[PDB]
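Residue numbers start from 1 in every chain, and the chains themselves are labelled A, B, ... in the order their sequence lines are given, proteins ahead of strands.
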Number of protein chains: 4
Amino acid sequence: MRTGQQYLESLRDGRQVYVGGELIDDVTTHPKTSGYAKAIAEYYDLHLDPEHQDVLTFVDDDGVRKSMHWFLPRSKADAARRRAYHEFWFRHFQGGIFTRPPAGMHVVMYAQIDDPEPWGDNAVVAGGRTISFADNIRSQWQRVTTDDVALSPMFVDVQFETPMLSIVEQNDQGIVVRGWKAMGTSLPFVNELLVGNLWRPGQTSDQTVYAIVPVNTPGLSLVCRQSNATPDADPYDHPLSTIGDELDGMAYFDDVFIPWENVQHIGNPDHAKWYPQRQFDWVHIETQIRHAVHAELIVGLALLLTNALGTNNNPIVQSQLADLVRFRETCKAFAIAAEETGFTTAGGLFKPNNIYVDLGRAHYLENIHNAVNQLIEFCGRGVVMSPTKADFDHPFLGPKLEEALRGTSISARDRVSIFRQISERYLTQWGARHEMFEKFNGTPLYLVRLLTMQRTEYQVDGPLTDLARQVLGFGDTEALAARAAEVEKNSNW
Amino acid sequence: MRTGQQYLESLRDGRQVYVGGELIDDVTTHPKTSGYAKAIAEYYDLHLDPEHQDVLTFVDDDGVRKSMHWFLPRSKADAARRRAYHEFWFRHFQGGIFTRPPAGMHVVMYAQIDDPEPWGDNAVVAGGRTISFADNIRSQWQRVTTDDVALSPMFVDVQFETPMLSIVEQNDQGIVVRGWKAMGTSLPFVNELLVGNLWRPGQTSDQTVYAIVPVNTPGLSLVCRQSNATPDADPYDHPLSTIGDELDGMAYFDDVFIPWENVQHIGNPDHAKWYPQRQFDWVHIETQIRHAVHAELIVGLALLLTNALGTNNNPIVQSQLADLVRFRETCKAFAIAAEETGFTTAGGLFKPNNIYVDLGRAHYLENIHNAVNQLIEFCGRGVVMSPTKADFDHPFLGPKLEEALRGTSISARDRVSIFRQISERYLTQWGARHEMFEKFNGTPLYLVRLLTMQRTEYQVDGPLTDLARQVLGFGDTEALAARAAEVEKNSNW
Amino acid sequence: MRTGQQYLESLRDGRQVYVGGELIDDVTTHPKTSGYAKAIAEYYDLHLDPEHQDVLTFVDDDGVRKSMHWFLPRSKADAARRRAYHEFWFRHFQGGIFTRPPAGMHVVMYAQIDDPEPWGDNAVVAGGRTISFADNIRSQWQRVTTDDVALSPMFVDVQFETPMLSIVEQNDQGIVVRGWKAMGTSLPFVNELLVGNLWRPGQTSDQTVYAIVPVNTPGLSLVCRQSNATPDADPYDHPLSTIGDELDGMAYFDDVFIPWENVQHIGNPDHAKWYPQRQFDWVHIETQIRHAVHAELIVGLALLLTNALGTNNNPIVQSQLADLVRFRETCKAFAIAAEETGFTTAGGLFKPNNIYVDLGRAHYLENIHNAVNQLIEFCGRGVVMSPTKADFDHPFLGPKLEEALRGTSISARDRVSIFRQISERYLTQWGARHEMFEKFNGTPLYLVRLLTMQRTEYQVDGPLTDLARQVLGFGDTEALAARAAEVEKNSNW
Amino acid sequence: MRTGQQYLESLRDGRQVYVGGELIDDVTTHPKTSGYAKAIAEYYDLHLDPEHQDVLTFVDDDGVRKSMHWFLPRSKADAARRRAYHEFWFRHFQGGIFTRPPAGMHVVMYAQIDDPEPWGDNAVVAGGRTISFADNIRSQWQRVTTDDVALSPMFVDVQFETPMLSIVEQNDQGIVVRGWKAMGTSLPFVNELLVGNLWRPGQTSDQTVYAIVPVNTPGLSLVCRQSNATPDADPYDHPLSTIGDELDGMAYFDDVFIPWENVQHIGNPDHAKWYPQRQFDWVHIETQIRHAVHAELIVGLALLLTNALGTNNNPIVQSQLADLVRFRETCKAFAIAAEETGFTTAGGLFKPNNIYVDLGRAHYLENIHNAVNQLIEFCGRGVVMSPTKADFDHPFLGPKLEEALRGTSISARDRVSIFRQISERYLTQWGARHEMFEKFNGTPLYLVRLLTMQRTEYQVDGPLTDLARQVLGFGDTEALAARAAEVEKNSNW
């Protein structure tokens with residue numbers, strides 16, 4: 001288990017990192033990146049803290065004590081302990097302002113190490129070379145868990161030699177890849193990328209690449225969005241953007257070389273249709289737990305806000321609060337149903353039921369903007385104009401503000417801090433990224449919908465139609481089509 | 001365990017029953033009532049059928065084999081077996097067209113027999129009489145379970161000597177009551193009523209009555225709604241109303257006498273504030289399971305319908321189906337979360353978590369009309385005009401209809417039967433009662449909302465605000481009010 | 001202008017009419033059909049009543065006084081007078097329980113007589129016959145306006161020699177047609193059908209037929225839905241179904257002969273793509289006015305209901321009422337905007353703007369089920385069980401009901417009549433037809449949507465994009481595509 | 001009519017202006033304020049430009065040519081010309097990024113000068129002084145129209161000697177006022193404030209003040225929100241925040257003296273219940289026109305966006321676009337209905353119908369967040385990470401981005417500029433203010449609702465209930481209450 005200091009030092013490795021178009025010399029000291037770097041460094045230090053040993057750490061097969069970000073669950077009870085672990089972090093990061101510490105990112109590997117053989121068995125390699133992909137996965141896992149490396153996935157591809165990342169040479173030492181990966185999170189703050197693909201029509205063999213790639217590999221450029229961090233603002237004014245900003249970005253691979261040992265699979269487009277989705281299941285699980293915590297945070301803020309404003313006895317307000325409570329409890333119920341109806345993989349991994357995970361996500365995705373909008377409605381104008389700290393500190397007018405903007409049972413400053421917490425999260429570029437990330441994180445709503453009806457449980461001849469068929473007195477599609485055809489043959493038309 | 005025949009015979013007992021204003025001589029033979037009578041009679045016969053022993057029956061403490069409608073759950077596994085039992089019935093009754101067989105009605109007693117003593121301890125009796133209410137409950141339970149009586153609750157009161165039911169004499173033999181109970185289900189088809197109150201402002205001591213009352217007691221008149229049963233229609237035309245109609249009604253008590261042994265509590269308005277709600281918890285549980293089955297039936301019909309019509313490949317249709325699937329899985333998830341987070345009462349009853357039960361109900365109540373509306377949207381005109389059986393049987397035009405209205409892979413008749421199943425349930429008076437019952441059954445949505453915010457978990461100083469307070473750096477209400485007051489005292493304004 | 005008596009007599013003409021599969025001897029006397037027949041007969045008598053001359057009648061070009069159901073508007077003021085005329089009828093028929101008296105049906109001809117020549121010019125006839133279609137339209141108009149015939153359109157076709165209506169012989173006297181028209185309204189209560197097509201992929205020349213066809217033509221069978229009329233019920237119990245039922249149906253043409261003079265166009269599928277839509281514009285106009293009146297009726301009932309129940313001072317109830325008011329005023333505003341931005345055809349017809357007409361329809365179609373649902377929510381249980389007249393007339397219990405169910409300021413009977421008016425319209429088969437008709441009347445919502453984006457005003461290069469382009473500093477599609485291509489040509493990729 | 005230069009110079013007047021807590025020396029040069037100052041200066045210069053004389057200017061009673069921001073409409077045609085004028089400005093300011101140039105602010109005076117006498121007649125003054133308030137209004141109007149002063153209203157009060165603004169001395173020269181006005185727009189960029197009140201329970205005589213007050217009056221401090229202007233950003237990156245930011249703020253009056261001639265009314269709380277609402281009617285009119293233009297801008301951007309991305313042929317996307325079109329046309333229809341059903345005041349002012357104005361606002365207020373959310377849904381990830389100009393200008397990676405992020409028929413840069421225009425407006429603090437202003441501008445949705453039901457047209461005994469009463473056969477409230485009472489008196493209960 002690494003220290004914060006070891007984590008910070010590992011980021012000073014000559015990586016090429018662009019933020020808003022500026023090349024960042026040192027991610028641990030530059031104002032644009034340093035707060036988030038420090039927040040992950042603290043993340044590592046807490047794991048080492050004895051007080052949090054029970055919830056944060058475990059003893060692995062090899063007998064070594066490791067962080068729960070490396071814990072593969074093998075029972076319902078294990079899954080519940082993982083849930084508690086994800087909650088610890090969503091709580092420690094204030095409802096989940098940072099969605100992708102190692103705990104959220106590493107879960108993408110869990111399906112690979114559970115079932116490595118297909119990654120090799122399905123591979124398509126050139127020139128008769130034979131690579132032990134499955135072995136690669138096992139030893140990858142042994143290294144990253146032992147050394148406590150930080151990894152972030154990049155699986156999404158640019159729409160559209162294509163500009164998409166693709167193999168341009170294979171040789172005895174490994175492969176060379178050129179082009180873009182379209183999006184990834186926390187890129188400047190990890191040691192290695194997990195690159196991969198999710199199948200899209202037209203994808204070629206050379207575009208199918210799954211591999212670990214160090215962030216400071218020659219020819220790799222991280223092109224990140226501008227930072228919305230505000231390290232010099234006053235924390236009263238900007239309580240969250242002062243902490244840091246979890247940057248997202250694209251990455252360009254300029255003839256980047258990857259050694260065979262770092263490759264997990266290449267060459268087979270159809271591999272990319274089934275197996276990455278099983279990896280993204282684990283992200284969805286983590287995300288969906290975050291949803292519920294965010295909804296908890298929202299209803300909490302709303303309770304404090306309407307109480308502070310005197311409106312929580314209005315029956316309309318009560319009624320809307322009740323629906324915020326219901327929004328929270330819906331997300332929580334899907335999380336419970338998912339865990340409770342999970343099952344073990346062939347490899348012995350205990351996996352929450354993705355049906356409840358994805359439909360819980362869908363519930364969040366559909367309604368979240370309504371829950372945020374409702375929280376803002378409760379604020380009134382206090383959100384348009386809420387004084388800065390400098391305004392309250394003015395020698396003459398400041399005491400006048402404290403007088404003018406106070407409530408019966410809460411000071412002006414405390415009450416305005418509720419508005420500012422709501423403004424920061426839902427009415428700033430800083431906060432807007434959070435909401436936008438949650439919207440387009442893995443499978444979005446419109447695709448959850450279309451994938452739902454592709455599932456076997458929900459086909460016309462599947463079991464969800466049994467009750468209806470029984471009520472109508474119908475066989476299956478085939479039986480019904482048979483009667484129809486016979487009615488045609490027994491008439492003339 | 002009684003037979004269908006014994007059940008039918010028990011209904012021929014001189015009860016005074018009005019249906020649409022007509023006095024019904026014999027509920028087992030009158031066209032208005034007889035189909036439903038027969039459906040409950042079959043209900044009783046199935047319990048006696050060896051094939052369904054595992055799911056329908058159990059062996060009680062006393063060593064006797066009884067129907068699961070009398071089974072008190074004492075573990076999560078017991079609760080799950082009850083769930084399976086309620087599902088059997090919702091399935092046997094076609095998604096749940098009849099909401100109140102004994103299995104759905106009897107659950108109201110479960111909280112009474114679990115915790116009888118308060119019913120006595122809280123009572124307020126006149127003239128120094130002392131009645132063993134708790135003993136009454138225990139022996140009531142012993143009689144109704146042994147003899148397999150059918151019971152239906154009447155707890156709702158007329159709005160407003162009031163016209164509400166109230167005690168007008170107490171004597172050594174028992175009590176006399178006069179006035180109305182406002183609503184109850186299956187009244188003509190049970191042996192005894194469970195009368196009670198749910199607290200309302202202004203309720204007096206004399207208006208607080210909980211008691212078992214035989215349906216053929218002198219002076220008791222059952223005033224039921226008109227029957228929508230259609231025993232003479234063709235089943236192809238009206239597949240459900242031909243079975244029967246589960247009537248609802250009011251009841252007038254004209255100086256009805258009730259013996260002490262049948263009384264469970266009188267006299268204490270505040271008793272009516274806490275204890276009936278614990279009874280209605282068990283109805284809500286049963287109801288909420290039905291919700292999920294109804295949503296299953298709806299999505300099933302929609303799948304068959306859009307398949308039969310050729311529209312299930314339209315992306316919009318796919319998208320709407322997916323939301324019907326999500327409506328089903330939401331209800332199912334609340335049911336699972338409720339069971340999974342249940343707990344045992346002091347008496348040892350294992351009770352699903354009412355938070356997930358009520359919020360699951362709320363989810364159903366809010367959206368059901370949208371799910372029905374969407375199912376109808378899928379039908380198109382086929383719902384405006386769909387031929388009768390007589391139209392298809394016409395010697396010349398009928399074969400022409402079979403030709404005109406057929407689909408690629410389904411005959412005209414089969415396809416029109418899908419429309420007619422949808423019309424019967426959602427576009428007839430017969431079916432409208434179902435929907436209206438589900439809407440105003442126990443706690444309706446607007447009240448679930450207001451009760452939610454009265455719960456302790458969801459108060460401003462309760463734990464749902466902890467995360468928010470921690471993010472804001474706030475103590476509790478008291479701590480915050482303290483700072484405010486001090487800021488007032490440390491200034492001049 | 002015909003009398004009610006002349007109208008009734010004209011229905012006794014040997015027409016072959018099936019209702020629920022029963023062959024109806026005489027539509028003016030059969031219980032299933034006679035109430036509606038009588039309601040249209042009264043419709044005709046009111047036009048002749050001097051008291052309503054100003055709003056109901058006009059003096060035509062030929063100098064004769066005729067019913068406004070024959071009035072072609074030539075100015076905005078004319079359109080407003082037509083609006084007042086449609087309102088008279090929607091009001092006289094209680095919010096619009098009957099959607100298709102002559103006033104609503106005849107509007108389909110207005111576009112034909114405004115612009116007849118294309119109907120001929122576009123025609124495709126066999127064997128060198130030449131038919132004066134345009135002349136046919138003019139003389140059709142002269143006969144039906146002079147003799148005051150009642151006409152109903154049948155334009156919708158069965159999905160799928162096809163079973164669809166199609167020409168099977170042409171000869172010097174006229175045409176012969178065989179097959180079905182799929183749906184039409186008031187069929188048993190009109191003198192002649194206006195048959196036509198709306199284009200569908202695959203439609204052949206022989207399937208393109210526009211023609212007037214008398215209802216008692218040899219070989220024509222009207223196959224109507226069952227009647228939901230209740231001529232023998234008590235009006236207190238069923239206030240609307242006692243009046244009658246406006247039946248809908250299909251029609252089978254068994255080698256029906258149509259003389260050339262009755263033919264308006266045959267043979268050209270592409271004619272059916274543009275010209276019937278201009279006819280349906282006028283129905284949509286009429287319908288959309290009805291929408292607004294129905295919404296008026298709904299908010300009215302809701303006001304009376306919540307007042308009668310004591311709930312209209314609840315802020316939540318107030319809030320919902322306000323949204324019912326807004327639903328009404330939205331429909332009204334689209335009707336005003338449509339009239340106000342109308343324009344004259346080439347023929348001199350003043351036509352409301354179909355953009356506001358269709359988008360107003362869409363607003364109604366999307367939300368109506370929510371407005372009805374909200375009205376029902378206001379009723380509570382009173383809708384599940386509301387006494388019949390026979391229940392209130394019982395010598396002993398009836399006075400007890402009047403006592404139990406009364407309100408502070410409204411009797412039991414009056415208040416229950418509000419429930420029953422709501423039940424009749426929204427919770428009976430009788431009423432369900434109304435709602436279903438409004439749903440699938442002409443262009444339904446999903447098609448309004450898709451047609452909206454096909455309009456020229458709303459194309460990507462159309463004027464609705466001008467403001468956006470100006471903000472972005474963009475030319476048109478072509479200009480932008482040009483820059484892109486040049487950026488490709490000025491690089492190497 | 002003033003020049004831009006004269007307008008700028010007038011802002012250099014020793015006003016005390018706080019922005020984010022910094023005291024601004026000179027509003028025309030400080031980076032925080034100067035862009036907006038320049039935008040209003042251009043506003044003034046355009047009025048003087050001959051090319052825009054027809055739409056921007058008019059010739060007043062006195063024979064002088066003045067800006068339409070001073071034009072009182074006296075006919076429907078005048079109102080339509082005002083509408084065109086407000087549109088010019090919403091278009092010139094890119095859908096309406098700045099909501100409060102003089103054209104939007106000055107409309108608040110229109111009702112005062114139309115009907116001045118009550119302002120005097122209702123006044124309550126101390127010590128027998130008599131002030132010619134009505135004369136004051138007339139001469140105020142003559143000065144501000146002749147000199148072309150810029151005025152902004154401050155009517156909103158702090159919730160709660162109160163901290164609210166109130167009179168603390170009256171004398172022969174005028175009044176002295178102390179305390180806060182809670183919110184106002186464009187404060188640093190106008191010459192004078194129009195201060196007033198909207199009635200709230202408990203308001204005293206001394207808290208009722210309507211008056212013109214110069215912005216640089218001794219003792220007046222403008223306390224504005226922080227600027228979100230970004231004068232040094234690249235316009236490609238931030239196309240709107242580079243222009244400027246229309247600041248909002250509070251104002252503190254430290255014993256500010258106001259001469260009688262500047263006072264329009266004092267002393268009468270009940271005056272504040274009726275007359276300010278007639279002033280805010282004109283703001284609502286202006287706002288509601290802006291709504292429609294904003295919705296035009298949204299649908300425009302959506303069309304360009306989905307076209308640029310290739311998604312505008314997806315039926316789901318088509319369907320959502322259609323609903324954006326319908327959102328626009330709804331707002332437009334309410335604006336047309338409002339103008340079309342307007343009427344002249346007693347003073348001869350032609351005033352749009354506030355029923356359609358407010359209900360159109362309500363439609364916007366309820367759905368706008370859904371329309372914005374839908375526009376963002378169309379963007380996908382492109383909104384999470386979209387390159388800066390510096391990223392595209394990088395010598396090596398920049399051409400690679402232009403390659404990777406281009407579309408078939410649009411360059412990378414152009415397409416990303418669509419995302420950035422959407423991000424700027426809906427996902428920045430800069431843009432969030434716009435949305436928040438529109439939300440809490442004048443009467444918000446929850447209050448439109450409650451005020452709707454207070455209107456006379458919508459009372460239970462008003463005309464919206466006539467149709468319902470006629471269907472039920474009911475008199476008015478009184479008639480019904482009479483029958484009920486008689487039914488009570490003619491029985492015994």
Side-chain angles (χ1 to χ4, degrees), chain A residues 236 299-321 324 375-387 389 391-392 397-423, chain B residues 453-454 456 458-462 464-466 468-469 471-493, chain C residues 315, chain D residues 156-166 178-183 197-204 206-207 223 250 252 269 440 444 446-447:
Chain A
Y236 182 90
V299 49
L301 285 173
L303 278 173
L304 288 162
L305 177 67
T306 55
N307 190 265
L309 282 168
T311 57
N312 66 310
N313 303 126
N314 181 328
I316 300 166
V317 170
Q318 280 255 302
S319 200
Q320 289 153 339
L321 283 165
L324 290 177
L375 178 66
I376 287 154
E377 213 86 48
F378 289 142
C379 301
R381 40 195 91 270
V383 124
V384 191
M385 197 287 167
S386 262
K389 186 159 180 295
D391 295 303
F392 279 128
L397 296 164
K400 295 264 164 30
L401 279 161
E402 295 187 304
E403 192 192 356
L405 300 191
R406 68 189 149 114
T408 309
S409 307
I410 179 170
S411 68
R413 288 181 186 252
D414 283 346
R415 188 160 68 180
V416 164
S417 75
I418 307 176
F419 295 133
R420 274 182 176 283
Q421 178 72 211
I422 293 174
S423 279
Chain B
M453 302 318 295
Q454 285 174 2
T456 152
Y458 299 133
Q459 291 306 281
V460 41
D461 278 308
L464 188 73
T465 233
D466 287 336
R469 283 175 192 293
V471 151
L472 289 158
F474 285 171
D476 66 322
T477 299
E478 209 306 305
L480 282 163
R483 169 184 305 96
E486 295 313 323
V487 164
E488 272 167 49
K489 287 160 181 171
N490 280 296
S491 53
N492 259 347
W493 285 343
Chain D
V156 171
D157 293 298
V158 295
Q159 58 148 52
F160 213 73
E161 192 189 350
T162 182
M164 184 184 322
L165 185 64
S166 68
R178 186 163 63 239
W180 291 97
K181 296 301 291 179
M183 227 221 313
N197 306 96
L198 301 149
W199 182 81
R200 286 286 255 110
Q203 170 165 333
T204 71
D206 283 342
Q207 297 161 4
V223 182
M250 308 181 66
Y252 187 73
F440 301 113
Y446 86 108
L447 201 64

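With contacts defined as side-chain heavy-atom distances shorter than 4.5 Å, the pair B:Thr465/B:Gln459 does not qualify. Inter-residue side-chain proximity for A:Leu405 and D:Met250 is flagged as met; some heavy-atom pair is nearer than 4.5 Å. Looking at A:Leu301 and A:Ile422, their side chains come closer than 4.5 Å, going by heavy atoms from C-beta outward. Looking at B:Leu472 and A:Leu304, their side chains come closer than 4.5 Å, going by heavy atoms from C-beta outward. Within the 4.5 Å cutoff, the side chain of A:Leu305 has heavy atoms near those of the A:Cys379 side chain. A:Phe392 is not listed as a side-chain neighbour of A:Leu397, based on a closest heavy-atom distance of 4.5 Å or more.
Taken to the nearest 0.5 Å, the CG atom of A:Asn307 stands 8.0 Å off from the OG atom of A:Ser409. Taking CE of D:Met164 as the reference point, atom OG1 of D:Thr204 lies at 7.0 Å (rounded to 0.5 Å). Distance check, rounded to the nearest 0.5 Å: OG1 of A:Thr306 to CD of A:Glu377 gives 13.5 Å. In this structure, the separation between CH2 on D:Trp180 and OG1 on D:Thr162 is 13.0 Å, given to the nearest 0.5 Å. To the nearest 0.5 Å, atom OG of residue A:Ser417 and atom NZ of residue A:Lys389 are 12.5 Å apart.
Legend: salt bridge (charged side-chain N to carboxylate O under 4.0 Å, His left out) pairs involving residues 410-421 of chain A, not counting sequence neighbours, sorted by first then second residue: A:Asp393-A:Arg413, A:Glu402-A:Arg413, A:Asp414-B:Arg483.
By the side chain to side chain contact (heavy atoms under 4.5 Å, CB included) test, B:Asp466 is found to be paired with B:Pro463, residues two or more places apart in sequence or in another chain being considered. Remark: A:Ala302 pairs with A:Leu321, A:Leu324, A:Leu375, A:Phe378 by the side chain to side chain contact (heavy atoms under 4.5 Å, CB included) rule, at least two apart or across chains. The side chain to side chain contact (heavy atoms under 4.5 Å, CB included) search around B:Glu488 returns A:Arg406, B:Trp493, not counting sequence neighbours. When the ring pair (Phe, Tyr, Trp, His ring centres under 6.0 Å) test is applied to A:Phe419, no partner is found at least two apart in sequence or on another chain. Judged as a side chain to side chain contact (heavy atoms under 4.5 Å, CB included), and not counting sequence neighbours, the contacts of D:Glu161 are D:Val168, D:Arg178.
Scanning both residues, B:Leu464 and A:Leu303, for their nearest heavy atoms gives CD2-CD1, 4.3 Å. Shown here for A:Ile418 and A:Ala308, the closest heavy-atom pair between the two residues is CD1-CB, 4.0 Å. Taking each heavy atom of A:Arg381 and D:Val156 in turn, the nearest pair found is NE-CG1, 3.6 Å. Residue A:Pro387 comes nearest to A:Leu401 through the heavy atom pair CG-CD2, 4.0 Å, listed as atom of the first residue, atom of the second, then distance. Shortest non-hydrogen contact noted between B:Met453 and B:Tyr458 is CE-O, 3.9 Å. The two residues A:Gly300 and B:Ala468 make their nearest non-hydrogen contact at C-CB, 3.6 Å.
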- Check the pair B:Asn492, A:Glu403 against side-chain contact (heavy atoms from CB on, under 4.5 Å), reporting the backbone distance first and the verdict last. CA-CA 9 Å; B:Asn492 259 347; A:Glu403 192 192 356; over 6 Å; no

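With a 6.0 Å radius and a threshold of 12 heavy atoms from other residues, nucleotides or ligands, A:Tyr236 has its OH atom above the threshold.
Put simply, the side chain of B:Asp461 never gets that close to the backbone of B:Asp476: no donor and acceptor are under 3.5 Å apart. In terms of modelled atom types and a separation under 3.5 Å, the side chain of A:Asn314 and the main chain of A:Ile316 share a donor-acceptor contact.
If you run side-chain hydrogen bond (donor to acceptor under 3.5 Å, both in side chains) between D:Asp157 and each of D:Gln207, D:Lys181, D:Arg200, only D:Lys181 comes through.
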